[PDB]
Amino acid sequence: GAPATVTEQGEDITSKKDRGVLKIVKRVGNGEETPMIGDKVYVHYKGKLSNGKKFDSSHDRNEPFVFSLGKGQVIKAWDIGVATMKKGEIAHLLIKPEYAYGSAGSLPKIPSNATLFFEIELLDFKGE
């Protein structure tokens, strides 16, 4: 399924090229402009432990997830990943624990040394 496809086919978008964040564009967006650091960003997402079935979904809360880009309000993989996305794009991310919740994890939702998968739709973004 989706996680294995990102392992096999995803682009490494880390600076270090450690395969810590892998991305596939699943639907192309429009802009030739990505959000910049500090921007207010609006997304829908579905997220799960890479080995794991049950998703966490913004849809469950009946509203978009909103955060300021590059301010560490989200895991590092999101600050890296969403900075590469255009408005309307849907991307898949597969994330090693170094770019997510590391050795400590974040219980009870995330255990130690967890790989995460996300599908993210970039809905909108506005400058600070």
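When you see a residue number, it is the position in the sequence shown, counting from 1.
For the pair 116-124 and 16-24, the mean Cα B-factor is higher in 116-124. Mean CA temperature factor is higher for 57-65 when stretches 57-65 and 42-50 are set side by side in the entry.
In the PDB entry, the Cα temperature factor peaks, among 89, 32, 79, 98, at 32. The entry assigns its greatest Cα B factor, within the set 75, 36, 94, 85, to 36.
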